[PDB]
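A.B. asks: Data file protein.pdb (PDB, C-alpha atoms and all ligand atoms) is appended below.
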ATOM      1  CA  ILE A  24      84.848  93.504  96.472  1.00  0.00           C
ATOM      2  CA  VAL A  25      84.698  94.060  92.698  1.00  0.00           C
ATOM      3  CA  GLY A  26      83.532  91.211  90.494  1.00  0.00           C
ATOM      4  CA  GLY A  27      82.543  88.937  93.363  1.00  0.00           C
ATOM      5  CA  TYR A  28      79.279  87.383  94.480  1.00  0.00           C
ATOM      6  CA  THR A  29      76.897  87.646  97.406  1.00  0.00           C
ATOM      7  CA  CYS A  30      78.338  85.227  99.952  1.00  0.00           C
ATOM      8  CA  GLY A  31      75.041  84.298 101.614  1.00  0.00           C
ATOM      9  CA  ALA A  32      74.136  85.212 105.172  1.00  0.00           C
ATOM     10  CA  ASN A  33      76.662  84.014 107.775  1.00  0.00           C
ATOM     11  CA  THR A  34      78.516  81.732 105.308  1.00  0.00           C
ATOM     12  CA  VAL A  35      81.779  83.452 106.315  1.00  0.00           C
ATOM     13  CA  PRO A  36      81.247  83.272 110.090  1.00  0.00           C
ATOM     14  CA  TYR A  37      84.741  84.568 110.994  1.00  0.00           C
ATOM     15  CA  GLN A  38      84.168  87.830 109.083  1.00  0.00           C
ATOM     16  CA  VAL A  39      83.703  90.824 111.351  1.00  0.00           C
ATOM     17  CA  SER A  40      82.733  94.421 110.658  1.00  0.00           C
ATOM     18  CA  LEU A  41      84.555  97.133 112.582  1.00  0.00           C
ATOM     19  CA  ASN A  42      82.127  99.946 113.362  1.00  0.00           C
ATOM     20  CA  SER A  43      82.795 103.459 114.671  1.00  0.00           C
ATOM     21  CA  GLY A  44      79.363 104.820 113.866  1.00  0.00           C
ATOM     22  CA  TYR A  45      79.554 103.096 110.465  1.00  0.00           C
ATOM     23  CA  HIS A  46      81.382 100.170 108.943  1.00  0.00           C
ATOM     24  CA  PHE A  47      84.971 101.166 108.215  1.00  0.00           C
ATOM     25  CA  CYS A  48      87.006  97.938 107.986  1.00  0.00           C
ATOM     26  CA  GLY A  49      86.772  94.194 108.034  1.00  0.00           C
ATOM     27  CA  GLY A  50      88.487  91.793 110.397  1.00  0.00           C
ATOM     28  CA  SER A  51      88.685  88.133 111.303  1.00  0.00           C
ATOM     29  CA  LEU A  52      87.689  86.455 114.564  1.00  0.00           C
ATOM     30  CA  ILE A  53      90.526  84.240 115.772  1.00  0.00           C
ATOM     31  CA  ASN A  54      89.080  83.192 119.140  1.00  0.00           C
ATOM     32  CA  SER A  55      86.266  84.243 121.413  1.00  0.00           C
ATOM     33  CA  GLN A  56      88.191  87.304 122.651  1.00  0.00           C
ATOM     34  CA  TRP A  57      90.375  88.459 119.724  1.00  0.00           C
ATOM     35  CA  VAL A  58      90.076  89.889 116.199  1.00  0.00           C
ATOM     36  CA  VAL A  59      92.846  90.415 113.647  1.00  0.00           C
ATOM     37  CA  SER A  60      92.627  93.304 111.191  1.00  0.00           C
ATOM     38  CA  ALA A  61      94.959  95.729 109.345  1.00  0.00           C
ATOM     39  CA  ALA A  62      97.026  98.290 111.223  1.00  0.00           C
ATOM     40  CA  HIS A  63      95.819 100.893 108.724  1.00  0.00           C
ATOM     41  CA  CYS A  64      92.351 100.304 110.255  1.00  0.00           C
ATOM     42  CA  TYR A  65      93.573 101.586 113.645  1.00  0.00           C
ATOM     43  CA  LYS A  66      91.378 104.162 115.409  1.00  0.00           C
ATOM     44  CA  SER A  67      89.769 104.686 118.794  1.00  0.00           C
ATOM     45  CA  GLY A  68      86.147 103.834 119.558  1.00  0.00           C
ATOM     46  CA  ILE A  69      85.938 100.493 117.753  1.00  0.00           C
ATOM     47  CA  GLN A  70      82.883  98.278 118.135  1.00  0.00           C
ATOM     48  CA  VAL A  71      83.316  94.777 116.731  1.00  0.00           C
ATOM     49  CA  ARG A  72      80.222  93.485 114.902  1.00  0.00           C
ATOM     50  CA  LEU A  73      80.003  89.700 114.612  1.00  0.00           C
ATOM     51  CA  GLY A  74      77.435  87.546 112.877  1.00  0.00           C
ATOM     52  CA  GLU A  75      76.649  90.229 110.289  1.00  0.00           C
ATOM     53  CA  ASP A  76      75.262  89.883 106.826  1.00  0.00           C
ATOM     54  CA  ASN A  77      73.337  93.097 106.051  1.00  0.00           C
ATOM     55  CA  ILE A  78      75.300  95.685 108.064  1.00  0.00           C
ATOM     56  CA  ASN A  79      72.341  98.113 107.921  1.00  0.00           C
ATOM     57  CA  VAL A  80      69.615  95.735 109.238  1.00  0.00           C
ATOM     58  CA  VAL A  81      69.422  93.825 112.525  1.00  0.00           C
ATOM     59  CA  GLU A  82      68.689  90.315 111.239  1.00  0.00           C
ATOM     60  CA  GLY A  83      68.965  88.447 114.539  1.00  0.00           C
ATOM     61  CA  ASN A  84      72.401  86.779 114.692  1.00  0.00           C
ATOM     62  CA  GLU A  85      74.617  89.755 115.476  1.00  0.00           C
ATOM     63  CA  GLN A  86      76.847  90.336 118.464  1.00  0.00           C
ATOM     64  CA  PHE A  87      78.087  93.879 119.044  1.00  0.00           C
ATOM     65  CA  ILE A  88      81.072  94.092 121.434  1.00  0.00           C
ATOM     66  CA  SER A  89      83.315  97.057 122.141  1.00  0.00           C
ATOM     67  CA  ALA A  90      87.079  96.739 121.876  1.00  0.00           C
ATOM     68  CA  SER A  91      88.963  96.898 125.167  1.00  0.00           C
ATOM     69  CA  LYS A  92      92.426  97.147 123.626  1.00  0.00           C
ATOM     70  CA  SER A  93      94.029  97.536 120.223  1.00  0.00           C
ATOM     71  CA  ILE A  94      97.598  96.463 119.465  1.00  0.00           C
ATOM     72  CA  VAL A  95      99.173  97.669 116.227  1.00  0.00           C
ATOM     73  CA  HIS A  96     102.154  95.591 115.165  1.00  0.00           C
ATOM     74  CA  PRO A  97     105.337  97.068 116.709  1.00  0.00           C
ATOM     75  CA  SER A  98     107.000  97.406 113.291  1.00  0.00           C
ATOM     76  CA  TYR A  99     104.041  98.851 111.357  1.00  0.00           C
ATOM     77  CA  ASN A 100     105.161 101.535 108.938  1.00  0.00           C
ATOM     78  CA  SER A 101     102.275 103.717 107.779  1.00  0.00           C
ATOM     79  CA  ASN A 102     104.261 105.109 104.830  1.00  0.00           C
ATOM     80  CA  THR A 103     104.754 101.703 103.163  1.00  0.00           C
ATOM     81  CA  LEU A 104     102.158  99.567 105.014  1.00  0.00           C
ATOM     82  CA  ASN A 105     104.885  97.075 105.891  1.00  0.00           C
ATOM     83  CA  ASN A 106     103.620  94.939 108.828  1.00  0.00           C
ATOM     84  CA  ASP A 107      99.977  95.969 108.238  1.00  0.00           C
ATOM     85  CA  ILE A 108      98.408  93.943 111.051  1.00  0.00           C
ATOM     86  CA  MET A 109      96.633  94.775 114.299  1.00  0.00           C
ATOM     87  CA  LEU A 110      95.010  92.777 117.090  1.00  0.00           C
ATOM     88  CA  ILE A 111      91.795  93.874 118.822  1.00  0.00           C
ATOM     89  CA  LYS A 112      90.681  92.451 122.156  1.00  0.00           C
ATOM     90  CA  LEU A 113      86.967  92.345 122.920  1.00  0.00           C
ATOM     91  CA  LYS A 114      85.623  93.793 126.180  1.00  0.00           C
ATOM     92  CA  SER A 115      83.692  90.554 126.695  1.00  0.00           C
ATOM     93  CA  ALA A 116      84.034  87.176 125.028  1.00  0.00           C
ATOM     94  CA  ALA A 117      81.910  86.517 121.977  1.00  0.00           C
ATOM     95  CA  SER A 118      79.454  83.641 122.257  1.00  0.00           C
ATOM     96  CA  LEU A 119      80.775  81.261 119.624  1.00  0.00           C
ATOM     97  CA  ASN A 120      78.197  79.488 117.471  1.00  0.00           C
ATOM     98  CA  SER A 121      77.719  78.470 113.851  1.00  0.00           C
ATOM     99  CA  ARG A 122      77.306  82.080 112.654  1.00  0.00           C
ATOM    100  CA  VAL A 123      80.060  83.506 114.891  1.00  0.00           C
ATOM    101  CA  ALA A 124      83.154  81.345 114.534  1.00  0.00           C
ATOM    102  CA  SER A 125      86.911  81.786 114.592  1.00  0.00           C
ATOM    103  CA  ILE A 126      89.227  81.070 111.672  1.00  0.00           C
ATOM    104  CA  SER A 127      92.382  79.024 112.198  1.00  0.00           C
ATOM    105  CA  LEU A 128      95.786  80.652 111.970  1.00  0.00           C
ATOM    106  CA  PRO A 129      98.293  79.145 109.534  1.00  0.00           C
ATOM    107  CA  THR A 130     100.895  76.642 110.660  1.00  0.00           C
ATOM    108  CA  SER A 131     102.713  77.383 107.393  1.00  0.00           C
ATOM    109  CA  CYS A 132     102.357  79.918 104.615  1.00  0.00           C
ATOM    110  CA  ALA A 133     100.529  79.301 101.353  1.00  0.00           C
ATOM    111  CA  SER A 134     102.165  78.990  97.955  1.00  0.00           C
ATOM    112  CA  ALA A 135     101.604  80.860  94.727  1.00  0.00           C
ATOM    113  CA  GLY A 136      98.645  79.482  92.834  1.00  0.00           C
ATOM    114  CA  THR A 137      96.632  78.552  95.917  1.00  0.00           C
ATOM    115  CA  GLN A 138      92.982  79.598  95.637  1.00  0.00           C
ATOM    116  CA  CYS A 139      91.633  81.751  98.464  1.00  0.00           C
ATOM    117  CA  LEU A 140      88.374  83.347  99.582  1.00  0.00           C
ATOM    118  CA  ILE A 141      88.374  87.132 100.071  1.00  0.00           C
ATOM    119  CA  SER A 142      85.330  88.831 101.575  1.00  0.00           C
ATOM    120  CA  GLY A 143      84.018  92.196 102.685  1.00  0.00           C
ATOM    121  CA  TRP A 144      81.559  95.090 102.491  1.00  0.00           C
ATOM    122  CA  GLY A 145      83.812  97.338 100.402  1.00  0.00           C
ATOM    123  CA  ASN A 146      83.270  99.101  97.099  1.00  0.00           C
ATOM    124  CA  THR A 147      81.958  96.918  94.264  1.00  0.00           C
ATOM    125  CA  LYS A 148      82.887  99.245  91.364  1.00  0.00           C
ATOM    126  CA  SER A 149      86.239  99.575  89.594  1.00  0.00           C
ATOM    127  CA  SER A 150      85.253 103.077  88.455  1.00  0.00           C
ATOM    128  CA  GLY A 151      82.981 105.048  90.756  1.00  0.00           C
ATOM    129  CA  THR A 152      81.544 104.014  94.103  1.00  0.00           C
ATOM    130  CA  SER A 153      78.821 101.612  95.222  1.00  0.00           C
ATOM    131  CA  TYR A 154      78.828 100.091  98.686  1.00  0.00           C
ATOM    132  CA  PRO A 155      76.842  96.898  99.285  1.00  0.00           C
ATOM    133  CA  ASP A 156      75.114  96.180 102.527  1.00  0.00           C
ATOM    134  CA  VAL A 157      75.440  92.385 102.399  1.00  0.00           C
ATOM    135  CA  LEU A 158      78.741  90.521 102.475  1.00  0.00           C
ATOM    136  CA  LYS A 159      80.494  89.951  99.138  1.00  0.00           C
ATOM    137  CA  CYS A 160      82.908  87.128  98.320  1.00  0.00           C
ATOM    138  CA  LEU A 161      85.642  86.517  95.758  1.00  0.00           C
ATOM    139  CA  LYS A 162      87.671  83.440  94.878  1.00  0.00           C
ATOM    140  CA  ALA A 163      91.158  84.534  93.899  1.00  0.00           C
ATOM    141  CA  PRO A 164      94.578  82.874  93.581  1.00  0.00           C
ATOM    142  CA  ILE A 165      97.790  83.937  95.256  1.00  0.00           C
ATOM    143  CA  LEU A 166     100.057  85.420  92.585  1.00  0.00           C
ATOM    144  CA  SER A 167     103.758  84.821  92.204  1.00  0.00           C
ATOM    145  CA  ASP A 168     105.980  87.148  94.175  1.00  0.00           C
ATOM    146  CA  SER A 169     107.765  88.061  90.934  1.00  0.00           C
ATOM    147  CA  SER A 170     104.532  89.166  89.236  1.00  0.00           C
ATOM    148  CA  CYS A 171     103.649  91.047  92.446  1.00  0.00           C
ATOM    149  CA  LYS A 172     106.986  92.902  92.536  1.00  0.00           C
ATOM    150  CA  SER A 173     106.782  93.661  88.799  1.00  0.00           C
ATOM    151  CA  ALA A 174     103.345  95.182  89.346  1.00  0.00           C
ATOM    152  CA  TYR A 175     104.574  97.317  92.267  1.00  0.00           C
ATOM    153  CA  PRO A 176     108.329  97.758  91.884  1.00  0.00           C
ATOM    154  CA  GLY A 177     110.129  98.856  95.037  1.00  0.00           C
ATOM    155  CA  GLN A 178     107.137  98.410  97.333  1.00  0.00           C
ATOM    156  CA  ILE A 179     106.640  94.687  98.098  1.00  0.00           C
ATOM    157  CA  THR A 180     108.290  93.213 101.181  1.00  0.00           C
ATOM    158  CA  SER A 181     108.470  89.661 102.470  1.00  0.00           C
ATOM    159  CA  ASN A 182     105.440  90.549 104.644  1.00  0.00           C
ATOM    160  CA  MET A 183     103.163  91.039 101.634  1.00  0.00           C
ATOM    161  CA  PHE A 184     101.690  88.990  98.816  1.00  0.00           C
ATOM    162  CA  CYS A 185      99.530  89.714  95.803  1.00  0.00           C
ATOM    163  CA  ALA A 186      96.335  87.866  94.970  1.00  0.00           C
ATOM    164  CA  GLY A 187      93.784  88.230  92.209  1.00  0.00           C
ATOM    165  CA  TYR A 188      93.827  88.581  88.449  1.00  0.00           C
ATOM    166  CA  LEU A 189      96.299  90.539  86.351  1.00  0.00           C
ATOM    167  CA  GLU A 190      93.612  90.985  83.681  1.00  0.00           C
ATOM    168  CA  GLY A 191      91.508  93.020  86.122  1.00  0.00           C
ATOM    169  CA  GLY A 192      87.793  92.769  86.818  1.00  0.00           C
ATOM    170  CA  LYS A 193      88.013  90.914  90.150  1.00  0.00           C
ATOM    171  CA  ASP A 194      89.623  92.443  93.241  1.00  0.00           C
ATOM    172  CA  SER A 195      89.185  93.701  96.757  1.00  0.00           C
ATOM    173  CA  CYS A 196      88.629  97.436  97.269  1.00  0.00           C
ATOM    174  CA  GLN A 197      88.256 100.255  99.790  1.00  0.00           C
ATOM    175  CA  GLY A 198      86.150  99.164 102.735  1.00  0.00           C
ATOM    176  CA  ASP A 199      87.411  95.583 102.455  1.00  0.00           C
ATOM    177  CA  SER A 200      90.508  96.765 104.392  1.00  0.00           C
ATOM    178  CA  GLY A 201      91.429  94.521 107.305  1.00  0.00           C
ATOM    179  CA  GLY A 202      89.266  91.630 106.165  1.00  0.00           C
ATOM    180  CA  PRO A 203      90.207  88.027 105.520  1.00  0.00           C
ATOM    181  CA  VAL A 204      91.960  86.088 102.810  1.00  0.00           C
ATOM    182  CA  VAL A 205      91.347  82.435 103.700  1.00  0.00           C
ATOM    183  CA  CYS A 206      93.074  79.599 101.875  1.00  0.00           C
ATOM    184  CA  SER A 207      92.575  75.906 102.632  1.00  0.00           C
ATOM    185  CA  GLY A 208      90.968  76.746 105.946  1.00  0.00           C
ATOM    186  CA  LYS A 209      93.652  79.140 107.213  1.00  0.00           C
ATOM    187  CA  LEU A 210      93.781  82.946 107.495  1.00  0.00           C
ATOM    188  CA  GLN A 211      96.671  83.664 105.159  1.00  0.00           C
ATOM    189  CA  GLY A 212      96.015  87.293 104.232  1.00  0.00           C
ATOM    190  CA  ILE A 213      94.612  90.614 105.415  1.00  0.00           C
ATOM    191  CA  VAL A 214      93.262  93.111 102.882  1.00  0.00           C
ATOM    192  CA  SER A 215      95.977  95.779 102.851  1.00  0.00           C
ATOM    193  CA  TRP A 216      96.530  97.933  99.752  1.00  0.00           C
ATOM    194  CA  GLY A 217      96.804  98.316  95.981  1.00  0.00           C
ATOM    195  CA  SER A 218      96.405 100.755  93.139  1.00  0.00           C
ATOM    196  CA  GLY A 219      92.757 101.314  92.350  1.00  0.00           C
ATOM    197  CA  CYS A 220      90.505  98.276  92.216  1.00  0.00           C
ATOM    198  CA  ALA A 221      90.180  95.574  89.562  1.00  0.00           C
ATOM    199  CA  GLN A 222      92.480  97.400  87.125  1.00  0.00           C
ATOM    200  CA  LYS A 223      94.780  95.552  84.745  1.00  0.00           C
ATOM    201  CA  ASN A 224      98.232  94.774  86.181  1.00  0.00           C
ATOM    202  CA  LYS A 225      97.270  96.176  89.597  1.00  0.00           C
ATOM    203  CA  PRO A 226      96.340  93.216  91.832  1.00  0.00           C
ATOM    204  CA  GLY A 227      95.506  93.501  95.495  1.00  0.00           C
ATOM    205  CA  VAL A 228      98.243  93.343  98.123  1.00  0.00           C
ATOM    206  CA  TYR A 229      97.680  91.437 101.356  1.00  0.00           C
ATOM    207  CA  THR A 230      99.485  91.181 104.660  1.00  0.00           C
ATOM    208  CA  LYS A 231     101.279  87.811 104.829  1.00  0.00           C
ATOM    209  CA  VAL A 232      99.716  86.491 108.052  1.00  0.00           C
ATOM    210  CA  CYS A 233     101.885  83.374 108.371  1.00  0.00           C
ATOM    211  CA  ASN A 234     104.877  85.628 109.240  1.00  0.00           C
ATOM    212  CA  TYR A 235     102.931  86.917 112.260  1.00  0.00           C
ATOM    213  CA  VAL A 236     101.558  83.747 113.849  1.00  0.00           C
ATOM    214  CA  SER A 237     104.222  83.645 116.574  1.00  0.00           C
ATOM    215  CA  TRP A 238     103.568  87.306 117.400  1.00  0.00           C
ATOM    216  CA  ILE A 239      99.788  86.748 117.399  1.00  0.00           C
ATOM    217  CA  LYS A 240      99.942  83.745 119.709  1.00  0.00           C
ATOM    218  CA  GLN A 241     102.342  85.326 122.175  1.00  0.00           C
ATOM    219  CA  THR A 242     100.470  88.650 122.214  1.00  0.00           C
ATOM    220  CA  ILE A 243      97.118  86.980 122.876  1.00  0.00           C
ATOM    221  CA  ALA A 244      98.636  84.823 125.627  1.00  0.00           C
ATOM    222  CA  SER A 245     100.151  87.862 127.357  1.00  0.00           C
ATOM    223  CA  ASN A 246      97.111  90.152 127.118  1.00  0.00           C
TER     224      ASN A 246
HETATM  225  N1  LIG B 301      92.287  96.680  94.998  1.00  0.00           N
HETATM  226  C1  LIG B 301      93.024  96.286  96.221  1.00  0.00           C
HETATM  227  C2  LIG B 301      92.809  97.201  97.409  1.00  0.00           C
HETATM  228  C3  LIG B 301      92.065  96.768  98.499  1.00  0.00           C
HETATM  229  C4  LIG B 301      91.919  97.565  99.622  1.00  0.00           C
HETATM  230  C5  LIG B 301      92.507  98.820  99.690  1.00  0.00           C
HETATM  231  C6  LIG B 301      92.413  99.669 100.936  1.00  0.00           C
HETATM  232  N2  LIG B 301      93.720 100.129 101.383  1.00  0.00           N
HETATM  233  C7  LIG B 301      94.119 101.389 101.247  1.00  0.00           C
HETATM  234  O1  LIG B 301      93.420 102.259 100.734  1.00  0.00           O
HETATM  235  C8  LIG B 301      95.518 101.719 101.763  1.00  0.00           C
HETATM  236  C9  LIG B 301      95.455 102.454 103.113  1.00  0.00           C
HETATM  237  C10 LIG B 301      96.543 103.518 103.026  1.00  0.00           C
HETATM  238  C11 LIG B 301      96.533 103.934 101.576  1.00  0.00           C
HETATM  239  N3  LIG B 301      96.196 102.679 100.884  1.00  0.00           N
HETATM  240  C12 LIG B 301      96.423 102.347  99.607  1.00  0.00           C
HETATM  241  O2  LIG B 301      96.138 101.244  99.179  1.00  0.00           O
HETATM  242  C13 LIG B 301      97.079 103.376  98.690  1.00  0.00           C
HETATM  243  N4  LIG B 301      96.192 103.416  97.511  1.00  0.00           N
HETATM  244  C14 LIG B 301      98.475 102.895  98.279  1.00  0.00           C
HETATM  245  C15 LIG B 301      99.487 102.779  99.393  1.00  0.00           C
HETATM  246  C16 LIG B 301      99.892 103.896 100.112  1.00  0.00           C
HETATM  247  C17 LIG B 301     100.864 103.792 101.091  1.00  0.00           C
HETATM  248  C18 LIG B 301     101.432 102.570 101.377  1.00  0.00           C
HETATM  249  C19 LIG B 301     101.028 101.454 100.682  1.00  0.00           C
HETATM  250  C20 LIG B 301     100.063 101.558  99.695  1.00  0.00           C
HETATM  251  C21 LIG B 301      93.226  99.262  98.591  1.00  0.00           C
HETATM  252  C22 LIG B 301      93.381  98.461  97.471  1.00  0.00           C
HETATM  253 CA    CA B 302      72.969  93.114 110.496  1.00  0.00          CA
END
Starting from the file, give its structure as structure tokens.

C.D. replies:
Amino acid sequence: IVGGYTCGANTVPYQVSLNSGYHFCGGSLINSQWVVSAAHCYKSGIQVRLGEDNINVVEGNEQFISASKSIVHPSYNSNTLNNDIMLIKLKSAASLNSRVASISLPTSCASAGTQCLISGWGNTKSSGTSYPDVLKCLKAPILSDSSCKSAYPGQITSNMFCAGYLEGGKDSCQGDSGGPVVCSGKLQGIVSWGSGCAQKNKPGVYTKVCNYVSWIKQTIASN
């Protein structure tokens, strides 16, 4: 997250860190047994880390649980990142409490102009690299689909939306991948892609979760 703020420990209790020896992606807890992340975060050997603030220090509220199954969306296209969503089932159910809590799925999409909360442990610099160890947060509005398509001609589908600031300075970034965009209490986005970070006229692109709620619910119920 570039241009954000330190969230505060466990103030985003649905935020998970996916660990394969190191943090490599965010995700969102949607019930005691299931995490949603980006399909471009897919790999084997995932451990889900809940209740994290400093990902390098055991602070006392963590739960570390291995994934039993990963399900990349059937229509994911790695060339374009269309349908960039994946479900991860935990080997054992998380113990839900005030620092480890699910986020509600949308019953409808969000509109342009809605303010959202984006969070993660990704890069905090727009030029260069600096990775924080505590969770960073950013308030950012959903941008119009027309401004999104003008920023990235040819590349935006109905399964994507832009959020952030066309002036630059405030954005998600590498390492935030797979993490949440929450608006009015609902998980509306997943950190997906973009050109650089916090550059002018290059906002972040996010998987449009509301298009996937039926698939999420039916997949969880059948697995
Ligand atoms: N500042 C927002 C942001 C937040 C978080 C990220 C992390 N996401 C990526 O790194 C993805 C993974 C595949 C490659 N990516 C990319 O974005 C590529 N630069 C562009 C691309 C390539 C193929 C298909 C679609 C887009 C990036 C930008
Ligand atoms: Ca920790």

A.B. asks: Would you kindly translate the PyMOL selection byres (((not hetatm)) within 8 of (chain B and resi 301)) into the concrete residues it picks from this file, as a tab-separated table (two decimals) with C-alpha atoms, keeping the file's coordinate frame?

C.D. replies:
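Contents of the output file selection_28.tsv:
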chain	number	residue	atom	x	y	z
A	63	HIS	CA	95.82	100.89	108.72
A	101	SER	CA	102.28	103.72	107.78
A	102	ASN	CA	104.26	105.11	104.83
A	103	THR	CA	104.75	101.70	103.16
A	104	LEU	CA	102.16	99.57	105.01
A	105	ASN	CA	104.88	97.08	105.89
A	178	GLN	CA	107.14	98.41	97.33
A	194	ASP	CA	89.62	92.44	93.24
A	195	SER	CA	89.18	93.70	96.76
A	196	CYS	CA	88.63	97.44	97.27
A	197	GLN	CA	88.26	100.26	99.79
A	198	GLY	CA	86.15	99.16	102.74
A	199	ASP	CA	87.41	95.58	102.46
A	200	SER	CA	90.51	96.76	104.39
A	214	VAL	CA	93.26	93.11	102.88
A	215	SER	CA	95.98	95.78	102.85
A	216	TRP	CA	96.53	97.93	99.75
A	217	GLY	CA	96.80	98.32	95.98
A	218	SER	CA	96.40	100.76	93.14
A	219	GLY	CA	92.76	101.31	92.35
A	220	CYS	CA	90.50	98.28	92.22
A	221	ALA	CA	90.18	95.57	89.56
A	222	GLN	CA	92.48	97.40	87.12
A	225	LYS	CA	97.27	96.18	89.60
A	226	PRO	CA	96.34	93.22	91.83
A	227	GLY	CA	95.51	93.50	95.50
A	228	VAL	CA	98.24	93.34	98.12

A.B. asks: What gap, in Å, lies between atom CA of residue 36 of chain A and atom CA of residue 133 of chain A?

C.D. replies: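 We find that atom CA of residue 36 of chain A and atom CA of residue 133 of chain A lie 21.5 Å from each other.
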
A.B. asks: Would you pick out the contacts of residue 96 of chain A at 8 Å or less, using only C-alpha atoms, so that residues sharing its chain but fewer than 4 positions from it are not included, and give the list as a ChimeraX atom specification?

C.D. replies: /A:62,106-110

A.B. asks: Can you translate the PyMOL selection byres (((not hetatm)) within 9 of (chain B and resi 302)) into the concrete residues it hits in this file, as a ChimeraX atom specification?

C.D. replies: /A:72-85,156-157

A.B. asks: Run the PyMOL selection byres (((chain A and resi 44) around 9) and not hetatm) against the file shown and list the residues it catches, as number ranges by chain.

C.D. replies: A: 42-43, 45-47, 68-70

A.B. asks: Using only C-alpha atoms, which residues sit within 9 Å of residue 37 of chain A once same-chain residues fewer than 2 positions away are excluded, as a list in words?

C.D. replies: residues 33, 34, 35, 39, 50, 51, 52, 53, 73, 74, 122, 123, 124, 125, 126 and 203 of chain A

A.B. asks: Out of A:174, A:165, A:204, A:183, which residue has the shortest atom-to-atom distance to residue 235 of chain A when counting only C-alpha atoms?

C.D. replies: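 Nearest to residue 235 of chain A: A:183.
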
A.B. asks: Show which residues sit within 10 Å of residue 168 of chain A, as a PDB file with C-alpha atoms, in the coordinates of the input. Count only C-alpha atoms, and ignore same-chain residues fewer than 2 positions away.

C.D. replies:
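So part_17.pdb came out as:
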ATOM      1  CA  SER A 134     102.165  78.990  97.955  1.00  0.00           C
ATOM      2  CA  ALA A 135     101.604  80.860  94.727  1.00  0.00           C
ATOM      3  CA  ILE A 165      97.790  83.937  95.256  1.00  0.00           C
ATOM      4  CA  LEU A 166     100.057  85.420  92.585  1.00  0.00           C
ATOM      5  CA  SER A 170     104.532  89.166  89.236  1.00  0.00           C
ATOM      6  CA  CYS A 171     103.649  91.047  92.446  1.00  0.00           C
ATOM      7  CA  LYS A 172     106.986  92.902  92.536  1.00  0.00           C
ATOM      8  CA  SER A 173     106.782  93.661  88.799  1.00  0.00           C
ATOM      9  CA  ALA A 174     103.345  95.182  89.346  1.00  0.00           C
ATOM     10  CA  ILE A 179     106.640  94.687  98.098  1.00  0.00           C
ATOM     11  CA  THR A 180     108.290  93.213 101.181  1.00  0.00           C
ATOM     12  CA  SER A 181     108.470  89.661 102.470  1.00  0.00           C
ATOM     13  CA  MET A 183     103.163  91.039 101.634  1.00  0.00           C
ATOM     14  CA  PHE A 184     101.690  88.990  98.816  1.00  0.00           C
ATOM     15  CA  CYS A 185      99.530  89.714  95.803  1.00  0.00           C
ATOM     16  CA  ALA A 186      96.335  87.866  94.970  1.00  0.00           C
TER      17      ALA A 186
END

A.B. asks: May I ask for the distance between atom CA of residue 113 of chain A and atom CA of residue 71 of chain A, given in Å to one decimal place?

C.D. replies: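 Computing it gives 7.6 Å between the two atoms.
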
A.B. asks: Using all atoms listed in the file, which protein or nucleic acid residues come within 7 Å of residue 27 of chain A? Drop anything in the same chain fewer than 2 positions from it, and give the result as a PyMOL selection string.

C.D. replies: chain A and resi 24-25+159-161+193

A.B. asks: Leaving out residue 94 of chain A and any residue of its chain fewer than 6 positions from it, which residues lie within 12 Å of it when counting all atoms listed in the file, given as a list in words?

C.D. replies: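 Contacts, with the query itself left out: residues 57, 58, 59, 60, 61, 62, 63, 64, 65, 66, 67, 107, 108, 109, 110, 111, 112, 113, 238, 239, 242, 243, 245 and 246 of chain A.
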
A.B. asks: So how far away is atom CA of residue 130 of chain A from atom CA of residue 167 of chain A, in Å?

C.D. replies: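 Value for the atom CA of residue 167 of chain A-atom CA of residue 130 of chain A distance: 20.4 Å.
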
A.B. asks: I'd like to know which of A:86, A:55, A:224, A:118 is closest to residue 41 of chain A, using only C-alpha atoms.

C.D. replies: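 Looking at the shortest contact to residue 41 of chain A, the residue is A:86.
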
A.B. asks: Measuring between only C-alpha atoms, which one of A:202, A:208, A:97, A:163 shows the shortest distance to residue 189 of chain A?

C.D. replies: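 Looking at the shortest contact to residue 189 of chain A, the residue is A:163.
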
A.B. asks: Which residue gives the smallest distance to residue 188 of chain A among A:213, A:138, A:146, A:29, with only C-alpha atoms counted?

C.D. replies: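 Smallest separation from residue 188 of chain A among the options: A:138.
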
A.B. asks: Kindly indicate which residue among A:211, A:120, A:56, A:153 lies nearest to residue 91 of chain A, using all atoms listed in the file for the distances.

C.D. replies: A:56

A.B. asks: Would you mind completing segment 96-102 of chain A so that it carries N, CA and C atoms, and writing it out as a PDB file, keeping the file's coordinate frame?

C.D. replies:
ATOM      1  N   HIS A  96     100.873  96.283 115.190  1.00  0.00           N
ATOM      2  CA  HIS A  96     102.154  95.591 115.165  1.00  0.00           C
ATOM      3  C   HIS A  96     103.295  96.557 115.498  1.00  0.00           C
ATOM      4  N   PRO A  97     104.274  96.132 116.303  1.00  0.00           N
ATOM      5  CA  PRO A  97     105.337  97.068 116.709  1.00  0.00           C
ATOM      6  C   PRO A  97     106.097  97.679 115.556  1.00  0.00           C
ATOM      7  N   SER A  98     106.224  96.964 114.442  1.00  0.00           N
ATOM      8  CA  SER A  98     107.000  97.406 113.291  1.00  0.00           C
ATOM      9  C   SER A  98     106.148  97.986 112.163  1.00  0.00           C
ATOM     10  N   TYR A  99     104.876  98.289 112.407  1.00  0.00           N
ATOM     11  CA  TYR A  99     104.041  98.851 111.357  1.00  0.00           C
ATOM     12  C   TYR A  99     104.614 100.171 110.882  1.00  0.00           C
ATOM     13  N   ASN A 100     104.713 100.304 109.572  1.00  0.00           N
ATOM     14  CA  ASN A 100     105.161 101.535 108.938  1.00  0.00           C
ATOM     15  C   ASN A 100     104.004 102.048 108.100  1.00  0.00           C
ATOM     16  N   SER A 101     103.433 103.187 108.490  1.00  0.00           N
ATOM     17  CA  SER A 101     102.275 103.717 107.779  1.00  0.00           C
ATOM     18  C   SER A 101     102.617 104.295 106.416  1.00  0.00           C
ATOM     19  N   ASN A 102     103.885 104.593 106.149  1.00  0.00           N
ATOM     20  CA  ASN A 102     104.261 105.109 104.830  1.00  0.00           C
ATOM     21  C   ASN A 102     104.214 104.022 103.758  1.00  0.00           C
TER      22      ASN A 102
END
